[PDB]
file target03.pdb (PDB, C-alpha atoms (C1' of nucleotides) and all ligand atoms)
ATOM      1  CA  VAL A  71      24.776  42.601 147.441  1.00  0.00           C
ATOM      2  CA  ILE A  72      22.962  39.286 148.069  1.00  0.00           C
ATOM      3  CA  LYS A  73      20.615  38.425 150.938  1.00  0.00           C
ATOM      4  CA  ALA A  74      19.710  34.768 151.749  1.00  0.00           C
ATOM      5  CA  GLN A  75      16.733  34.933 154.046  1.00  0.00           C
ATOM      6  CA  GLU A  76      14.661  31.805 154.074  1.00  0.00           C
ATOM      7  CA  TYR A  77      15.799  28.906 156.274  1.00  0.00           C
ATOM      8  CA  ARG A  78      15.792  28.695 160.076  1.00  0.00           C
ATOM      9  CA  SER A  79      19.513  27.609 160.109  1.00  0.00           C
ATOM     10  CA  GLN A  80      22.184  30.079 158.963  1.00  0.00           C
ATOM     11  CA  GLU A  81      24.719  27.730 157.430  1.00  0.00           C
ATOM     12  CA  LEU A  82      21.997  26.685 155.018  1.00  0.00           C
ATOM     13  CA  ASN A  83      21.340  30.376 154.372  1.00  0.00           C
ATOM     14  CA  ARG A  84      25.058  30.728 153.605  1.00  0.00           C
ATOM     15  CA  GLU A  85      25.034  27.668 151.336  1.00  0.00           C
ATOM     16  CA  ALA A  86      22.320  29.443 149.330  1.00  0.00           C
ATOM     17  CA  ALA A  87      23.713  32.992 149.828  1.00  0.00           C
ATOM     18  CA  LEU A  88      26.919  31.784 148.253  1.00  0.00           C
ATOM     19  CA  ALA A  89      25.626  29.768 145.307  1.00  0.00           C
ATOM     20  CA  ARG A  90      23.350  32.720 144.368  1.00  0.00           C
ATOM     21  CA  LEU A  91      26.710  34.494 143.866  1.00  0.00           C
ATOM     22  CA  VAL A  92      28.472  31.760 141.867  1.00  0.00           C
ATOM     23  CA  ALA A  93      25.614  30.784 139.539  1.00  0.00           C
ATOM     24  CA  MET A  94      24.820  34.517 139.039  1.00  0.00           C
ATOM     25  CA  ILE A  95      28.482  35.129 138.082  1.00  0.00           C
ATOM     26  CA  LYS A  96      28.231  32.359 135.455  1.00  0.00           C
ATOM     27  CA  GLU A  97      25.129  33.890 133.808  1.00  0.00           C
ATOM     28  CA  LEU A  98      26.694  37.348 133.432  1.00  0.00           C
ATOM     29  CA  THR A  99      30.036  35.702 132.495  1.00  0.00           C
ATOM     30  CA  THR A 100      29.112  33.411 129.505  1.00  0.00           C
ATOM     31  CA  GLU A 101      27.621  35.365 126.535  1.00  0.00           C
ATOM     32  CA  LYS A 102      25.873  33.969 123.359  1.00  0.00           C
ATOM     33  CA  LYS A 103      28.009  32.481 120.508  1.00  0.00           C
ATOM     34  CA  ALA A 104      29.476  32.112 116.951  1.00  0.00           C
ATOM     35  CA  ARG A 105      28.535  32.243 114.002  1.00  0.00           C
ATOM     36  CA  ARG A 106      26.706  34.218 111.277  1.00  0.00           C
ATOM     37  CA  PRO A 107      25.566  34.472 108.582  1.00  0.00           C
ATOM     38  CA  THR A 108      24.737  31.627 106.238  1.00  0.00           C
ATOM     39  CA  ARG A 109      24.910  32.551 102.527  1.00  0.00           C
ATOM     40  CA  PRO A 110      22.305  31.579  99.810  1.00  0.00           C
ATOM     41  CA  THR A 111      22.758  28.027  98.267  1.00  0.00           C
ATOM     42  CA  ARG A 112      20.568  27.720  95.167  1.00  0.00           C
ATOM     43  CA  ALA A 113      20.826  31.222  93.692  1.00  0.00           C
ATOM     44  CA  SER A 114      22.887  29.459  90.950  1.00  0.00           C
ATOM     45  CA  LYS A 115      19.943  27.268  89.809  1.00  0.00           C
ATOM     46  CA  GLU A 116      16.935  29.231  91.109  1.00  0.00           C
ATOM     47  CA  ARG A 117      17.605  32.807  89.900  1.00  0.00           C
ATOM     48  CA  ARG A 118      19.349  31.908  86.610  1.00  0.00           C
ATOM     49  CA  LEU A 119      16.202  29.868  85.963  1.00  0.00           C
ATOM     50  CA  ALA A 120      14.427  33.244  86.127  1.00  0.00           C
ATOM     51  CA  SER A 121      17.095  34.899  83.917  1.00  0.00           C
ATOM     52  CA  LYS A 122      16.607  31.999  81.464  1.00  0.00           C
ATOM     53  CA  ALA A 123      12.936  32.553  80.704  1.00  0.00           C
ATOM     54  CA  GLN A 124      13.315  36.294  81.137  1.00  0.00           C
ATOM     55  CA  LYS A 125      15.842  36.773  78.269  1.00  0.00           C
ATOM     56  CA  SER A 126      14.096  34.380  75.880  1.00  0.00           C
ATOM     57  CA  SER A 127      10.577  35.843  75.737  1.00  0.00           C
ATOM     58  CA  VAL A 128      12.135  39.358  76.091  1.00  0.00           C
ATOM     59  CA  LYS A 129      13.005  39.350  72.319  1.00  0.00           C
ATOM     60  CA  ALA A 130       9.213  39.791  71.776  1.00  0.00           C
ATOM     61  CA  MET A 131       6.958  42.923  71.777  1.00  0.00           C
ATOM     62  CA  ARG A 132       4.788  44.879  72.609  1.00  0.00           C
ATOM     63  CA  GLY A 133       1.754  45.730  74.887  1.00  0.00           C
TER      64      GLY A 133
ATOM     65  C1'   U B   1     -17.126  28.406 132.086  1.00  0.00           C
ATOM     66  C1'   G B   2     -12.773  23.735 128.228  1.00  0.00           C
ATOM     67  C1'   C B   3     -10.640  17.974 128.555  1.00  0.00           C
ATOM     68  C1'   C B   4     -10.757  13.314 132.133  1.00  0.00           C
ATOM     69  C1'   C B   5     -16.305   8.586 134.447  1.00  0.00           C
ATOM     70  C1'   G B   6     -10.054   4.317 136.044  1.00  0.00           C
ATOM     71  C1'   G B   7     -11.217   5.637 141.760  1.00  0.00           C
ATOM     72  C1'   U B   8     -15.243   7.670 145.536  1.00  0.00           C
ATOM     73  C1'   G B   9     -20.446   9.398 145.417  1.00  0.00           C
ATOM     74  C1'   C B  10     -25.220   9.357 143.282  1.00  0.00           C
ATOM     75  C1'   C B  11     -28.610   7.252 139.185  1.00  0.00           C
ATOM     76  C1'   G B  12     -30.082   3.219 136.189  1.00  0.00           C
ATOM     77  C1'   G B  13     -29.634  -2.337 135.319  1.00  0.00           C
ATOM     78  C1'   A B  14     -36.456  -7.996 136.436  1.00  0.00           C
ATOM     79  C1'   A B  15     -29.400 -11.629 133.883  1.00  0.00           C
ATOM     80  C1'   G B  16     -25.068 -13.783 136.718  1.00  0.00           C
ATOM     81  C1'   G B  17     -21.640 -14.266 141.747  1.00  0.00           C
ATOM     82  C1'   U B  18     -21.894 -13.813 146.923  1.00  0.00           C
ATOM     83  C1'   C B  19     -25.315 -13.520 150.683  1.00  0.00           C
ATOM     84  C1'   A B  20     -29.053 -13.956 156.883  1.00  0.00           C
ATOM     85  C1'   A B  21     -33.290 -15.741 159.328  1.00  0.00           C
ATOM     86  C1'   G B  22     -36.393 -19.114 157.617  1.00  0.00           C
ATOM     87  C1'   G B  23     -37.977 -23.563 154.222  1.00  0.00           C
ATOM     88  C1'   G B  24     -35.844 -28.412 152.949  1.00  0.00           C
ATOM     89  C1'   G B  25     -34.402 -32.598 154.785  1.00  0.00           C
ATOM     90  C1'   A B  26     -29.898 -36.857 152.276  1.00  0.00           C
ATOM     91  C1'   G B  27     -27.390 -38.638 156.124  1.00  0.00           C
ATOM     92  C1'   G B  28     -25.333 -39.075 161.187  1.00  0.00           C
ATOM     93  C1'   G B  29     -25.845 -39.212 166.676  1.00  0.00           C
ATOM     94  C1'   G B  30     -27.675 -39.595 172.598  1.00  0.00           C
ATOM     95  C1'   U B  31     -30.870 -42.605 174.859  1.00  0.00           C
ATOM     96  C1'   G B  32     -34.811 -46.638 175.786  1.00  0.00           C
ATOM     97  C1'   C B  33     -36.762 -53.672 175.618  1.00  0.00           C
ATOM     98  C1'   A B  34     -39.339 -51.019 172.403  1.00  0.00           C
ATOM     99  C1'   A B  35     -43.141 -47.476 170.395  1.00  0.00           C
ATOM    100  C1'   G B  36     -40.558 -43.111 171.019  1.00  0.00           C
ATOM    101  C1'   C B  37     -38.264 -38.900 173.079  1.00  0.00           C
ATOM    102  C1'   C B  38     -33.992 -35.531 172.119  1.00  0.00           C
ATOM    103  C1'   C B  39     -29.473 -33.242 169.141  1.00  0.00           C
ATOM    104  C1'   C B  40     -26.486 -32.389 164.743  1.00  0.00           C
ATOM    105  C1'   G B  41     -27.209 -32.062 159.727  1.00  0.00           C
ATOM    106  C1'   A B  42     -25.680 -32.191 152.932  1.00  0.00           C
ATOM    107  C1'   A B  43     -28.215 -30.859 148.163  1.00  0.00           C
ATOM    108  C1'   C B  44     -31.693 -27.518 147.256  1.00  0.00           C
ATOM    109  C1'   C B  45     -35.153 -22.914 147.509  1.00  0.00           C
ATOM    110  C1'   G B  46     -34.264 -18.204 150.042  1.00  0.00           C
ATOM    111  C1'   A B  47     -33.999 -10.164 150.556  1.00  0.00           C
ATOM    112  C1'   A B  48     -31.468  -5.761 150.702  1.00  0.00           C
ATOM    113  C1'   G B  49     -26.178  -4.769 150.568  1.00  0.00           C
ATOM    114  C1'   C B  50     -21.580  -5.810 148.020  1.00  0.00           C
ATOM    115  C1'   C B  51     -19.656  -7.756 143.542  1.00  0.00           C
ATOM    116  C1'   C B  52     -20.489  -7.188 138.293  1.00  0.00           C
ATOM    117  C1'   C B  53     -22.809  -3.778 133.602  1.00  0.00           C
ATOM    118  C1'   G B  54     -23.638   1.089 132.244  1.00  0.00           C
ATOM    119  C1'   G B  55     -24.741   6.764 133.180  1.00  0.00           C
ATOM    120  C1'   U B  56     -23.031  10.948 135.627  1.00  0.00           C
ATOM    121  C1'   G B  57     -18.770  17.265 136.941  1.00  0.00           C
ATOM    122  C1'   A B  58     -22.654  24.177 138.455  1.00  0.00           C
ATOM    123  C1'   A B  59     -21.198  15.395 141.813  1.00  0.00           C
ATOM    124  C1'   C B  60     -15.831  14.201 145.478  1.00  0.00           C
ATOM    125  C1'   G B  61     -12.018  15.094 142.548  1.00  0.00           C
ATOM    126  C1'   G B  62      -7.886  15.337 138.444  1.00  0.00           C
ATOM    127  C1'   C B  63      -6.136  18.144 134.391  1.00  0.00           C
ATOM    128  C1'   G B  64       2.436  14.608 132.700  1.00  0.00           C
ATOM    129  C1'   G B  65       7.778  13.233 131.767  1.00  0.00           C
ATOM    130  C1'   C B  66      12.473  12.755 128.964  1.00  0.00           C
ATOM    131  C1'   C B  67      15.111  13.538 124.204  1.00  0.00           C
ATOM    132  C1'   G B  68      15.851  15.910 119.212  1.00  0.00           C
ATOM    133  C1'   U B  69      14.945  19.553 115.535  1.00  0.00           C
ATOM    134  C1'   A B  70      14.766  25.937 111.739  1.00  0.00           C
ATOM    135  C1'   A B  71      19.282  31.489 107.518  1.00  0.00           C
ATOM    136  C1'   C B  72      25.311  28.121 112.296  1.00  0.00           C
ATOM    137  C1'   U B  73      23.187  32.537 118.035  1.00  0.00           C
ATOM    138  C1'   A B  74      18.740  31.874 120.465  1.00  0.00           C
ATOM    139  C1'   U B  75      14.256  29.676 120.624  1.00  0.00           C
ATOM    140  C1'   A B  76      11.496  25.422 118.744  1.00  0.00           C
ATOM    141  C1'   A B  77       5.873  26.012 114.892  1.00  0.00           C
ATOM    142  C1'   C B  78       7.792  20.196 113.633  1.00  0.00           C
ATOM    143  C1'   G B  79       9.245  15.150 115.469  1.00  0.00           C
ATOM    144  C1'   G B  80      10.583  10.600 118.892  1.00  0.00           C
ATOM    145  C1'   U B  81       9.296   7.909 123.051  1.00  0.00           C
TER     146        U B  81
HETATM  147 MG    MG C 201      23.837  33.498 114.078  1.00  0.00          MG
HETATM  148 MG    MG C 202       7.509  38.987  78.069  1.00  0.00          MG
HETATM  149 MG    MG C 203      -0.209  52.136  78.193  1.00  0.00          MG
HETATM  150 MG    MG C 204     -15.558  22.711 135.019  1.00  0.00          MG
HETATM  151 MG    MG C 205      -7.692  20.751 126.543  1.00  0.00          MG
HETATM  152 MG    MG C 206      -8.546  14.795 124.834  1.00  0.00          MG
HETATM  153 MG    MG C 207     -14.232  10.081 137.469  1.00  0.00          MG
HETATM  154 MG    MG C 208     -17.824   6.764 138.709  1.00  0.00          MG
HETATM  155 MG    MG C 209     -18.534   4.211 134.919  1.00  0.00          MG
HETATM  156 MG    MG C 210     -16.318   3.513 129.302  1.00  0.00          MG
HETATM  157 MG    MG C 211     -17.963   0.882 143.881  1.00  0.00          MG
HETATM  158 MG    MG C 212     -27.489   1.347 142.723  1.00  0.00          MG
HETATM  159 MG    MG C 213     -31.993 -15.209 130.543  1.00  0.00          MG
HETATM  160 MG    MG C 214     -29.142 -12.571 141.890  1.00  0.00          MG
HETATM  161 MG    MG C 215     -30.413 -23.683 157.896  1.00  0.00          MG
HETATM  162 MG    MG C 216     -35.609 -27.076 160.110  1.00  0.00          MG
HETATM  163 MG    MG C 217     -29.886 -45.019 167.126  1.00  0.00          MG
HETATM  164 MG    MG C 218     -29.439 -48.797 171.365  1.00  0.00          MG
HETATM  165 MG    MG C 219     -31.979 -26.204 160.415  1.00  0.00          MG
HETATM  166 MG    MG C 220     -29.144 -19.506 146.197  1.00  0.00          MG
HETATM  167 MG    MG C 221     -29.694 -10.161 146.141  1.00  0.00          MG
HETATM  168 MG    MG C 222      -9.029  11.182 141.487  1.00  0.00          MG
HETATM  169 MG    MG C 223      20.429  26.134 115.159  1.00  0.00          MG
END

call {"tool": "encode", "arguments": {"input": "target03.pdb", "output": "structure tokens", "more": "lines below"}}
Ligand SMILES: [Mg+2]
Ligand SMILES: [Mg+2]
Ligand SMILES: [Mg+2]
Ligand SMILES: [Mg+2]
Ligand SMILES: [Mg+2]
Ligand SMILES: [Mg+2]
Ligand SMILES: [Mg+2]
Ligand SMILES: [Mg+2]
Ligand SMILES: [Mg+2]
Ligand SMILES: [Mg+2]
Ligand SMILES: [Mg+2]
Ligand SMILES: [Mg+2]
Ligand SMILES: [Mg+2]
Ligand SMILES: [Mg+2]
Ligand SMILES: [Mg+2]
Ligand SMILES: [Mg+2]
Ligand SMILES: [Mg+2]
Ligand SMILES: [Mg+2]
Ligand SMILES: [Mg+2]
Ligand SMILES: [Mg+2]
Ligand SMILES: [Mg+2]
Ligand SMILES: [Mg+2]
Ligand SMILES: [Mg+2]
result
Amino acid sequence: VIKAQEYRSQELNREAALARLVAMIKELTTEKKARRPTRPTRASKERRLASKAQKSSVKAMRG
RNA sequence: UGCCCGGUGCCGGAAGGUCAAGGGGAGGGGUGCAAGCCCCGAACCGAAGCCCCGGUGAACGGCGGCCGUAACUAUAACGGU
């Protein structure tokens, strides 16, 4: 239910009463998009850098 | 109680430009036999105002546009002009 109320002349009011329909239909019609997710790139270098130094100095003791 | 003094206003500026009456008369003219009488008149000097230089917003006022860009969507902290 749409009401186009502001012009003196009706056929302008219809021009606007209509397009409030059509452009409203488009908004509720087209919805977001593809795609997700991205996956991690440098976990090969980065985290096996941290498993490098971790294993080495781990052969120590104590605390 | 923020930013903008280009514009308008007001305030300041003993320089410069313009600028009226008036001063000044180079030079020209009417007339008379002539002394002369009469009229134009350049340079130049000659206010305020305006120009020009600045100040000023609790003075009048004014406080943008397009385009791109992030863990794919969105959006754009970031950029470009
Ligand atoms: Mg996504
Ligand atoms: Mg250790
Ligand atoms: Mg202990
Ligand atoms: Mg203010
Ligand atoms: Mg600001
Ligand atoms: Mg600024
Ligand atoms: Mg101003
Ligand atoms: Mg001003
Ligand atoms: Mg000024
Ligand atoms: Mg200035
Ligand atoms: Mg002025
Ligand atoms: Mg003044
Ligand atoms: Mg001087
Ligand atoms: Mg002067
Ligand atoms: Mg004179
Ligand atoms: Mg005289
Ligand atoms: Mg003569
Ligand atoms: Mg004669
Ligand atoms: Mg004179
Ligand atoms: Mg003078
Ligand atoms: Mg003056
Ligand atoms: Mg203005
Ligand atoms: Mg994206």

call {"tool": "interface_residues", "arguments": {"input": "target03.pdb", "of": "chain B", "to": "chain A", "cutoff": "10 Å", "atoms": "only C-alpha atoms (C1' of nucleotides)", "output": "ChimeraX atom specification"}}
result
/B:71-74

call {"tool": "resolve_selection", "arguments": {"input": "target03.pdb", "expression": "the PyMOL selection byres (((not hetatm)) within 10 of (chain C and resi 205))", "output": "PDB file with C-alpha atoms (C1' of nucleotides), in the frame of the given file"}}
result
ATOM      1  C1'   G B   2     -12.773  23.735 128.228  1.00  0.00           C
ATOM      2  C1'   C B   3     -10.640  17.974 128.555  1.00  0.00           C
ATOM      3  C1'   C B   4     -10.757  13.314 132.133  1.00  0.00           C
ATOM      4  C1'   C B  63      -6.136  18.144 134.391  1.00  0.00           C
TER       5        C B  63
END

call {"tool": "residues_near_ligand", "arguments": {"input": "target03.pdb", "ligand": "ligand MG 216 (chain C)", "cutoff": "10 Å", "atoms": "all atoms listed in the file", "output": "PDB file with C-alpha atoms (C1' of nucleotides), keeping the file's coordinate frame"}}
result
ATOM      1  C1'   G B  22     -36.393 -19.114 157.617  1.00  0.00           C
ATOM      2  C1'   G B  23     -37.977 -23.563 154.222  1.00  0.00           C
ATOM      3  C1'   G B  24     -35.844 -28.412 152.949  1.00  0.00           C
ATOM      4  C1'   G B  25     -34.402 -32.598 154.785  1.00  0.00           C
ATOM      5  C1'   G B  41     -27.209 -32.062 159.727  1.00  0.00           C
TER       6        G B  41
END

call {"tool": "residues_near_point", "arguments": {"input": "target03.pdb", "point": "(-25.0, -7.0, 134.3)", "cutoff": "12 Å", "atoms": "all atoms listed in the file", "output": "PDB file with C-alpha atoms (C1' of nucleotides), keeping the file's coordinate frame"}}
result
ATOM      1  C1'   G B  12     -30.082   3.219 136.189  1.00  0.00           C
ATOM      2  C1'   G B  13     -29.634  -2.337 135.319  1.00  0.00           C
ATOM      3  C1'   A B  14     -36.456  -7.996 136.436  1.00  0.00           C
ATOM      4  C1'   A B  15     -29.400 -11.629 133.883  1.00  0.00           C
ATOM      5  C1'   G B  16     -25.068 -13.783 136.718  1.00  0.00           C
ATOM      6  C1'   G B  17     -21.640 -14.266 141.747  1.00  0.00           C
ATOM      7  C1'   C B  51     -19.656  -7.756 143.542  1.00  0.00           C
ATOM      8  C1'   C B  52     -20.489  -7.188 138.293  1.00  0.00           C
ATOM      9  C1'   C B  53     -22.809  -3.778 133.602  1.00  0.00           C
ATOM     10  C1'   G B  54     -23.638   1.089 132.244  1.00  0.00           C
TER      11        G B  54
END

call {"tool": "residues_near_ligand", "arguments": {"input": "target03.pdb", "ligand": "ligand MG 209 (chain C)", "cutoff": "12 Å", "atoms": "all atoms listed in the file", "output": "PDB file with C-alpha atoms (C1' of nucleotides), keeping the file's coordinate frame"}}
result
ATOM      1  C1'   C B   5     -16.305   8.586 134.447  1.00  0.00           C
ATOM      2  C1'   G B   6     -10.054   4.317 136.044  1.00  0.00           C
ATOM      3  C1'   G B   7     -11.217   5.637 141.760  1.00  0.00           C
ATOM      4  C1'   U B   8     -15.243   7.670 145.536  1.00  0.00           C
ATOM      5  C1'   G B   9     -20.446   9.398 145.417  1.00  0.00           C
ATOM      6  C1'   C B  10     -25.220   9.357 143.282  1.00  0.00           C
ATOM      7  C1'   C B  11     -28.610   7.252 139.185  1.00  0.00           C
ATOM      8  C1'   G B  12     -30.082   3.219 136.189  1.00  0.00           C
ATOM      9  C1'   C B  53     -22.809  -3.778 133.602  1.00  0.00           C
ATOM     10  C1'   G B  54     -23.638   1.089 132.244  1.00  0.00           C
ATOM     11  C1'   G B  55     -24.741   6.764 133.180  1.00  0.00           C
ATOM     12  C1'   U B  56     -23.031  10.948 135.627  1.00  0.00           C
TER      13        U B  56
END

call {"tool": "atom_distance", "arguments": {"input": "target03.pdb", "atom1": "CA of residue 113 in chain A", "atom2": "atom MG of ligand MG 201 (chain C)"}}
result
20.7 Å

call {"tool": "atom_distance", "arguments": {"input": "target03.pdb", "atom1": "CA of residue 92 in chain A", "atom2": "CA of residue 79 in chain A"}}
result
20.7 Å

call {"tool": "atom_distance", "arguments": {"input": "target03.pdb", "atom1": "CA of residue 94 in chain A", "atom2": "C1' of residue 67 in chain B"}}
result
27.5 Å
